[PDB]
Protein chains: 6
Amino acid sequence: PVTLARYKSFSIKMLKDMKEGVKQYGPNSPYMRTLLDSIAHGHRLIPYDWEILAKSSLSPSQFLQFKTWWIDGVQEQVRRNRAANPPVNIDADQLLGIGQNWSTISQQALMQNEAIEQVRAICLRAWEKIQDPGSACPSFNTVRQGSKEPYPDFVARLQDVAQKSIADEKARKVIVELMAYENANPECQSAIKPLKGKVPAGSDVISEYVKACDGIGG
Amino acid sequence: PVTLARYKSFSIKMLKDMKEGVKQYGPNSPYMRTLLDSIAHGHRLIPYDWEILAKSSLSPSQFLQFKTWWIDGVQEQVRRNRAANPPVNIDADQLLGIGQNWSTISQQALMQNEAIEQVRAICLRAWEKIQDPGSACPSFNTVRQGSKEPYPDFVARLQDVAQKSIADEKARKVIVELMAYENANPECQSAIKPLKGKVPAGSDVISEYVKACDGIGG
Amino acid sequence: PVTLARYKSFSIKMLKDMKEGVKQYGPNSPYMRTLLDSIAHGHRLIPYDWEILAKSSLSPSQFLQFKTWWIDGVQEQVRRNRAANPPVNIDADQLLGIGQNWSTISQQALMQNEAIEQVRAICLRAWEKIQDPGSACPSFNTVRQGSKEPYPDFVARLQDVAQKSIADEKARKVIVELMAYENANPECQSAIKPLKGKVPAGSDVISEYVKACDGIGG
Amino acid sequence: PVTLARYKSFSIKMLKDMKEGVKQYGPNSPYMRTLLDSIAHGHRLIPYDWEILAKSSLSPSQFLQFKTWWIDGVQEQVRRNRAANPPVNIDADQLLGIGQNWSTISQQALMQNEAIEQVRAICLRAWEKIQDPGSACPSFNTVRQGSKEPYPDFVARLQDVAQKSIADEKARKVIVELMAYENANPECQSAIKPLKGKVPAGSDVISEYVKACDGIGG
Amino acid sequence: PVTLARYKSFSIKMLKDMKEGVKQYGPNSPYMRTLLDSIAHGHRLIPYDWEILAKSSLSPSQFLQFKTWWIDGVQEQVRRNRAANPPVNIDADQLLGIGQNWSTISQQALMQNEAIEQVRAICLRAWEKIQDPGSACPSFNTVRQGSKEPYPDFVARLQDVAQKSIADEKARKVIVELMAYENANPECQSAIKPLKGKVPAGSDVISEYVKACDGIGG
Amino acid sequence: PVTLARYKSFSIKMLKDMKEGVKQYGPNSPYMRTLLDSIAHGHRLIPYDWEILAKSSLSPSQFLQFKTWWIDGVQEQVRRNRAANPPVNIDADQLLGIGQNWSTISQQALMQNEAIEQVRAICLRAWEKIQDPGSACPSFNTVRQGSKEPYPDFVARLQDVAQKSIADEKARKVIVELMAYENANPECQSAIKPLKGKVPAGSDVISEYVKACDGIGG
């Protein structure tokens, strides 16, 4: 990063325990995601650092997948910058680090904050949009609760699989509301009959359910 | 964390152990209970730090419960904040870090002292209210002291559900002993019964209870 | 502790490997006992540090048991201080850290050496007087030696279990002398026939036996 | 340890590895043999330090044997100390740290140089005289070189019992080779026999013994 | 390594992790690929350092292959070195560190800059040309995309054998995509076929290939 | 070692991970051999340091074997120094550290570079000339290749066992050439028919074979 302008390479042990953690819990752990967010906002990065971090971390397949969704995000961001009002004087190759304006490590020491947040958002989104090994064609009406089942651990499996088959943030977050009230057992569904019929403002709909019907055990 | 404002992230070594401890022992070990507030009282945090720390650490089932109770405590707090004398000008989304004025790292570096401790106090209760993924939380009279079982281990199973299900602190310290020998082991209740009301000044009545009950099981 | 007056909190890794060691070998290991003695005499502690150390270490059951025997030791020490010749101007709440003379961390920075050794002896005794999981009603005349059995490893199991069922230091240390000469096999008992009949001074009675009859193998 | 007197304890990290090594290899590995005297010659110790270190580390069966031989060596030492010219004024309980003048940390900070090395020399022999908890120590002619077995491994099984059962150092270096080929493997004794008395100056005769014996087994 | 000449060795901790990583993952993980050149570009090495590092790390089967290709690259390099304009005066055994003038540590401290980078460039290719001890390296048409299998994992199995079997760098970047869909999965080839020649400027054609191929298997 | 003259003892963790590595992979690993070379050339050692390093590392059997081949190397080096032209004014006891010229640690601080390289070569050779547990009488015409066998992993087992039964460097390195061409399967032997009949200069004969016939897989 930069302090007051030079480059400082990372300490070696960070790559070691990062490789350890991704090897143990996959590239889409909730653990390593916020680890990436912490190391992202905690330092001032250039895209070549993102190249070293990505190539130093995964199998070759996930590395190239990261490269591809990075490329598509570059094109999307460039179209939105040219659609901006007024348009943004930021190209694609400044966002990728190829070309005689941005080839070297010393060239990228003099970027600006809009590029910082832009590469931050786009590489974070690139990490969010990776698949993983392990495949099964998902059908929503196959998973349901059982007797004496703890309520949040039931809805957690519905929470996690919802971001797989739906790209839109809104489309996945509306159907979990519907699948929550149906796939609940009727004794827990009995608790939501006043809550269903009046959705409250200043509040997440799932958040009201979990702190509503907590006392159903066995 | 802020300092004298730059937001420095945590170390990579700061979080791998934290991810280790939750799978090794759980979310409410006494070890991580005194580990969390050490960081909370040696540093000075913004709500996005907790957004990092919980999402990096919990399970998907636990993290949703954390987010559920986190926004739930805001409703109890903001009613206290609005009717104070003098009334303070702090709204809902200033707590949650959402909205136009609270969703960047540059924004959250510009907050006063009197917001921070409310975030700490609500986050501690949020961290305490998590359920383990083994089961749900049982009721009060669903669990009592077992037969041919030790005494002081089962009375430890009350203070946790007291901190879980009860808000007021001195209510917790008074419900437990008045639930202690009420459906306890009756052979132990013989020794326990003549000790009622024999408390000198400022001591745990449960202390002399387990002092008396030596243990007969095994 | 204090150097020349401030408070310094402990490093985090000490609690980590302490929790590791007690989890591996129990709270009454010979290992962790002298670890407690080393960290006890190696630093200048206040009772609130003992609270953090105890609560940061065990299951809830052992923590409250520690609290109880701590309380009983406070009462015993207070009775002996009032029985002292002349009596000692040291109360109970100075030894416990509750009350407006001794509530805060900064209040306990100005104690004196008699309180230091008093809290040292009494918390050490509190750790010595803990039980553990694992129960069996002990009967002394059930364990005995066998053929080709190594002599010190035979008497070690008699050494360790002797402090369980007897609180008095003298009563447990006299009966092991008797059980040593009887539960030995006659070929090793043959070696002690000059040693039995004249107990030597300046010497422990078991110590003479072990460096007497070492050469009985097989 | 003392310094320029304050008694600073060891680190917590100083002892966990020490507890690791005894269960990992034993009490008289060559590794901990050179580990112990390194601390003993880089620091300056009181007898209560050894009371800490042994009780933190050994088994209950080992610790009693250590305490047994520790007081046993005092009887051989104090006869040498009383009849010296000039006679030194150091008694029994000054060695053991017991009694009114030697049982506090404030007391043991007030000792001269000429006590310390005697404690070190007696403690090294005490640490050497421990028996492993697998069995007892066999006799001399109970063990000899096995048939179809390597040569130089079994001759290593003599120097340990020499240091165990013999006090005088140059007696140990002369008993071993005069016990070496006396009931060794007789086919190897054919090659060994014409090498007697062929030692030039200041070398191990056993060196040329294992030089000659190439190894026939397997 | 040299400095401002004394040859300082590496740390002991520098190499145990390196020995750990090869048995943990292999000789050409991406992790050690970016680990090696970090040392190679943060330090300045002589050929005897690589003699240390490979022999300390590989298997006996791997180390001989490394030594085999290491001397093999010298023949291609020295023909370039002899016919240059101006011709440089560097011979064979100056590369290999053998002979009267290059086989001591005092000798190799006396070399110029323009030798060093050739050693680095040849050693990287030498480290890349190693075969794993599971099997040998297969041919080109022995392996293609499998049936009911993911797409972008199997195309990763081409760039490695490209770097293995091909010397010229831009030949590698052009052989792979012209071998990509040639015996790939034909149902995927239906979507792949209309994308030929649609490359704007300076991008991976394989990127849009795996962009198109979503994945049908499983 | 020495910097500008004192002695500095090693850090304790170096002995720890050295004992770890030799315990895992034996004293004749390719790993630990170059570790010894790195720590050898990386520092300025005295023979007493070699004593501490050797005694701190192995079983007693390997330690005494090291001592013996050390002794024989002293005698060989002394005969060659007296056979030198002019002879070398370096004795045996300067090379061993016994005697009133070389008894102490402070005495060995003032050696010279010929002694440095002499003790380096001779202790390295002492480590090379150790046997190990695990015995089997070797016969060369028992091991051969199979179908689809990877060629370098076949010859690696012939490479490693060749230094066991032959002490001469030339005698073992000539017979592996013969056993290479015979014990190869005829399809790989088919590749060497132009290479057999003209051995190339500036090249190792095995090195040409491995980079000749690499493409025989299956």
# chains A, B, ... in the order shown; residues from 1 in each chain; ligands from 1
>>> residues_around(residues="segment 38-41 of chain C", least_positions_apart="5", cutoff="8 Å", atoms="only C-alpha atoms", output="NGL selection string")
(:C and (120)) or (:D and (7-12 or 52))
>>> write_last_selection(atoms="N, CA, C and O atoms", output="short mmCIF file (atom, residue, chain, number, x, y, z; two decimals), in the first residue's frame")
data_model
loop_
_atom_site.label_atom_id
_atom_site.label_comp_id
_atom_site.auth_asym_id
_atom_site.auth_seq_id
_atom_site.Cartn_x
_atom_site.Cartn_y
_atom_site.Cartn_z
N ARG C 120 -2.69 -14.50 47.63
CA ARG C 120 -1.94 -15.54 46.93
C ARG C 120 -2.20 -16.90 47.54
O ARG C 120 -2.59 -17.85 46.83
N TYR D 7 11.89 -11.30 42.08
CA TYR D 7 11.85 -12.60 41.51
C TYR D 7 10.86 -12.53 40.38
O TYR D 7 9.65 -12.46 40.58
N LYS D 8 11.40 -12.57 39.19
CA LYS D 8 10.60 -12.67 37.98
C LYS D 8 10.34 -14.14 37.69
O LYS D 8 11.26 -14.95 37.73
N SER D 9 9.09 -14.47 37.38
CA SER D 9 8.74 -15.83 37.01
C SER D 9 9.14 -16.12 35.57
O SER D 9 9.72 -15.28 34.87
N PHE D 10 8.83 -17.32 35.11
CA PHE D 10 9.04 -17.65 33.71
C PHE D 10 7.87 -17.16 32.87
O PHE D 10 6.84 -16.71 33.38
N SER D 11 8.03 -17.25 31.56
CA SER D 11 6.90 -16.99 30.69
C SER D 11 5.95 -18.17 30.73
O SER D 11 6.28 -19.27 31.17
N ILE D 12 4.73 -17.93 30.25
CA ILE D 12 3.79 -19.02 30.08
C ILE D 12 4.24 -19.91 28.93
O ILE D 12 4.15 -21.14 29.00
N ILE D 52 8.65 -25.55 41.42
CA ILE D 52 7.67 -25.18 40.41
C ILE D 52 7.80 -26.08 39.19
O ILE D 52 6.82 -26.66 38.71
#
>>> select_by_dssp(residues="segment 14-177 of chain D", states="helix (DSSP H, G or I)", output="number ranges by chain")
D: 14-24, 30-42, 47-55, 60-82, 92-96, 105-108, 113-128, 156-165, 169-175
>>> write_last_selection(atoms="C-alpha atoms", output="mmCIF file, in the first residue's frame")
data_model
loop_
_atom_site.group_PDB
_atom_site.id
_atom_site.type_symbol
_atom_site.label_atom_id
_atom_site.label_comp_id
_atom_site.auth_asym_id
_atom_site.auth_seq_id
_atom_site.Cartn_x
_atom_site.Cartn_y
_atom_site.Cartn_z
ATOM 1 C CA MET D 14 8.419 -21.238 28.630
ATOM 2 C CA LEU D 15 6.609 -24.176 30.190
ATOM 3 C CA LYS D 16 3.998 -25.469 27.744
ATOM 4 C CA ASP D 17 6.712 -26.817 25.451
ATOM 5 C CA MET D 18 8.403 -28.364 28.485
ATOM 6 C CA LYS D 19 5.180 -30.137 29.388
ATOM 7 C CA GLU D 20 4.881 -31.146 25.729
ATOM 8 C CA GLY D 21 8.317 -32.718 25.556
ATOM 9 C CA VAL D 22 7.957 -35.052 28.519
ATOM 10 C CA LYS D 23 4.795 -36.683 27.199
ATOM 11 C CA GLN D 24 6.215 -36.638 23.685
ATOM 12 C CA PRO D 30 18.841 -36.250 25.015
ATOM 13 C CA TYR D 31 16.791 -33.297 23.782
ATOM 14 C CA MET D 32 15.522 -32.191 27.158
ATOM 15 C CA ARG D 33 18.860 -33.172 28.689
ATOM 16 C CA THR D 34 20.495 -30.346 26.777
ATOM 17 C CA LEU D 35 17.382 -28.209 27.170
ATOM 18 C CA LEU D 36 17.461 -28.184 30.973
ATOM 19 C CA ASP D 37 21.067 -27.143 31.586
ATOM 20 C CA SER D 38 20.682 -24.382 29.009
ATOM 21 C CA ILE D 39 18.147 -22.733 31.311
ATOM 22 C CA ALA D 40 20.260 -23.684 34.324
ATOM 23 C CA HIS D 41 23.316 -21.943 32.875
ATOM 24 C CA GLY D 42 21.558 -18.993 31.270
ATOM 25 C CA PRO D 47 15.182 -24.359 44.927
ATOM 26 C CA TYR D 48 11.584 -23.144 44.775
ATOM 27 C CA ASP D 49 11.986 -22.733 41.021
ATOM 28 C CA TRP D 50 12.668 -26.445 40.724
ATOM 29 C CA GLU D 51 9.693 -27.073 43.003
ATOM 30 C CA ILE D 52 7.668 -25.183 40.411
ATOM 31 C CA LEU D 53 9.250 -26.795 37.377
ATOM 32 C CA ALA D 54 9.075 -30.447 38.371
ATOM 33 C CA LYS D 55 5.539 -30.282 39.774
ATOM 34 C CA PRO D 60 2.539 -38.060 39.930
ATOM 35 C CA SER D 61 4.641 -41.220 39.846
ATOM 36 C CA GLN D 62 7.711 -39.372 38.604
ATOM 37 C CA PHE D 63 7.446 -36.347 40.884
ATOM 38 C CA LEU D 64 7.574 -38.389 44.073
ATOM 39 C CA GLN D 65 10.719 -40.160 42.873
ATOM 40 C CA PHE D 66 12.258 -36.780 42.099
ATOM 41 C CA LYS D 67 11.423 -35.478 45.575
ATOM 42 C CA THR D 68 12.752 -38.734 47.038
ATOM 43 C CA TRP D 69 16.207 -38.565 45.494
ATOM 44 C CA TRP D 70 16.387 -34.781 45.915
ATOM 45 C CA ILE D 71 16.404 -34.973 49.694
ATOM 46 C CA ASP D 72 18.573 -38.096 49.530
ATOM 47 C CA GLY D 73 21.505 -36.290 47.922
ATOM 48 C CA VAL D 74 21.473 -33.699 50.725
ATOM 49 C CA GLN D 75 22.763 -36.288 53.188
ATOM 50 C CA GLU D 76 25.806 -37.006 51.050
ATOM 51 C CA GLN D 77 26.408 -33.313 50.478
ATOM 52 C CA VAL D 78 26.060 -32.042 54.040
ATOM 53 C CA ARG D 79 28.702 -34.433 55.377
ATOM 54 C CA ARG D 80 31.097 -32.914 52.862
ATOM 55 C CA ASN D 81 30.004 -29.425 53.848
ATOM 56 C CA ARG D 82 30.449 -29.894 57.595
ATOM 57 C CA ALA D 92 19.843 -29.184 55.851
ATOM 58 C CA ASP D 93 16.700 -27.095 55.411
ATOM 59 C CA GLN D 94 18.604 -24.306 53.650
ATOM 60 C CA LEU D 95 18.929 -26.817 50.818
ATOM 61 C CA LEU D 96 15.303 -27.919 50.854
ATOM 62 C CA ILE D 105 10.429 -15.780 48.049
ATOM 63 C CA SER D 106 11.769 -12.831 50.035
ATOM 64 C CA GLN D 107 14.038 -15.231 51.918
ATOM 65 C CA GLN D 108 15.506 -17.038 48.915
ATOM 66 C CA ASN D 113 26.871 -17.893 45.153
ATOM 67 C CA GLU D 114 28.332 -20.969 46.825
ATOM 68 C CA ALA D 115 24.953 -22.476 47.637
ATOM 69 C CA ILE D 116 23.640 -22.231 44.091
ATOM 70 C CA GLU D 117 25.986 -24.550 42.223
ATOM 71 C CA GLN D 118 25.470 -27.309 44.777
ATOM 72 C CA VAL D 119 21.732 -27.037 44.126
ATOM 73 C CA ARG D 120 22.386 -27.215 40.386
ATOM 74 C CA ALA D 121 24.696 -30.227 40.680
ATOM 75 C CA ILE D 122 22.313 -32.108 42.943
ATOM 76 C CA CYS D 123 19.307 -31.247 40.788
ATOM 77 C CA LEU D 124 20.939 -32.542 37.625
ATOM 78 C CA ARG D 125 21.598 -35.912 39.267
ATOM 79 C CA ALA D 126 18.069 -35.867 40.643
ATOM 80 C CA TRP D 127 16.686 -35.273 37.165
ATOM 81 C CA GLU D 128 18.872 -38.038 35.832
ATOM 82 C CA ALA D 156 23.690 -47.465 24.050
ATOM 83 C CA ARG D 157 21.502 -49.265 26.590
ATOM 84 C CA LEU D 158 24.456 -49.388 29.009
ATOM 85 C CA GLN D 159 25.556 -45.781 29.497
ATOM 86 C CA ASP D 160 22.110 -44.730 30.706
ATOM 87 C CA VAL D 161 21.999 -47.356 33.439
ATOM 88 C CA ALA D 162 25.614 -46.482 34.205
ATOM 89 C CA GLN D 163 24.675 -42.847 34.871
ATOM 90 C CA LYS D 164 21.629 -44.146 36.738
ATOM 91 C CA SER D 165 23.216 -46.668 39.094
ATOM 92 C CA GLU D 169 31.884 -40.332 36.630
ATOM 93 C CA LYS D 170 35.137 -41.989 35.564
ATOM 94 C CA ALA D 171 33.883 -45.238 37.052
ATOM 95 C CA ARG D 172 31.065 -45.056 34.517
ATOM 96 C CA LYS D 173 33.461 -44.579 31.618
ATOM 97 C CA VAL D 174 35.404 -47.683 32.658
ATOM 98 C CA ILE D 175 32.626 -50.097 33.653
#
>>> residues_around(residues="residue 135 of chain B", least_positions_apart="5", cutoff="12 Å", atoms="only C-alpha atoms", output="PyMOL selection string")
(chain A and resi 148-154+214-218) or (chain B and resi 61+130)
>>> write_last_selection(atoms="N, CA and C atoms", output="mmCIF file, in the first residue's frame")
data_model
loop_
_atom_site.group_PDB
_atom_site.id
_atom_site.type_symbol
_atom_site.label_atom_id
_atom_site.label_comp_id
_atom_site.auth_asym_id
_atom_site.auth_seq_id
_atom_site.Cartn_x
_atom_site.Cartn_y
_atom_site.Cartn_z
ATOM 1 N N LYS A 148 -39.918 -31.147 16.235
ATOM 2 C CA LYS A 148 -38.924 -30.641 17.207
ATOM 3 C C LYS A 148 -37.693 -29.995 16.551
ATOM 4 N N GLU A 149 -37.836 -29.491 15.339
ATOM 5 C CA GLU A 149 -36.702 -28.933 14.631
ATOM 6 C C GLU A 149 -36.489 -27.490 15.065
ATOM 7 N N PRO A 150 -35.261 -27.093 15.378
ATOM 8 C CA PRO A 150 -35.009 -25.699 15.758
ATOM 9 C C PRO A 150 -35.182 -24.766 14.572
ATOM 10 N N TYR A 151 -36.087 -23.812 14.734
ATOM 11 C CA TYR A 151 -36.554 -22.875 13.718
ATOM 12 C C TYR A 151 -35.487 -22.096 12.944
ATOM 13 N N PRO A 152 -34.444 -21.505 13.555
ATOM 14 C CA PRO A 152 -33.491 -20.758 12.719
ATOM 15 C C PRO A 152 -32.598 -21.651 11.886
ATOM 16 N N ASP A 153 -32.261 -22.838 12.381
ATOM 17 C CA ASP A 153 -31.424 -23.737 11.605
ATOM 18 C C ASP A 153 -32.190 -24.352 10.448
ATOM 19 N N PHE A 154 -33.516 -24.387 10.547
ATOM 20 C CA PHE A 154 -34.323 -24.749 9.393
ATOM 21 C C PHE A 154 -34.235 -23.679 8.317
ATOM 22 N N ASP A 214 -39.338 -17.791 18.804
ATOM 23 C CA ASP A 214 -38.140 -18.479 19.278
ATOM 24 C C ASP A 214 -38.436 -19.651 20.206
ATOM 25 N N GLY A 215 -39.535 -19.609 20.946
ATOM 26 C CA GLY A 215 -39.740 -20.562 22.016
ATOM 27 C C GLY A 215 -40.411 -21.858 21.616
ATOM 28 N N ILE A 216 -40.142 -22.338 20.409
ATOM 29 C CA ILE A 216 -40.721 -23.607 19.947
ATOM 30 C C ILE A 216 -39.582 -24.615 19.938
ATOM 31 N N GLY A 217 -39.496 -25.389 21.014
ATOM 32 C CA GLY A 217 -38.442 -26.375 21.136
ATOM 33 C C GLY A 217 -38.946 -27.801 21.204
ATOM 34 N N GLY A 218 -38.684 -28.470 22.320
ATOM 35 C CA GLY A 218 -39.090 -29.850 22.499
ATOM 36 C C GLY A 218 -38.317 -30.560 23.594
ATOM 37 N N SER B 61 -26.579 -20.055 9.826
ATOM 38 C CA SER B 61 -27.733 -20.066 10.714
ATOM 39 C C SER B 61 -27.562 -19.083 11.858
ATOM 40 N N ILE B 130 -27.465 -15.442 20.948
ATOM 41 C CA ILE B 130 -27.377 -16.423 19.876
ATOM 42 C C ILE B 130 -27.710 -17.807 20.428
#
>>> closest_residue(among="E:29, E:103, E:112, E:147", to="chain A", atoms="only C-alpha atoms")
E:29
>>> closest_residue(among="E:57, E:85, E:28, E:207", to="chain F", atoms="only C-alpha atoms")
E:57
>>> atom_distance(atom1="atom CA of residue 58 of chain A", atom2="atom CA of residue 182 of chain E")
27.3 Å
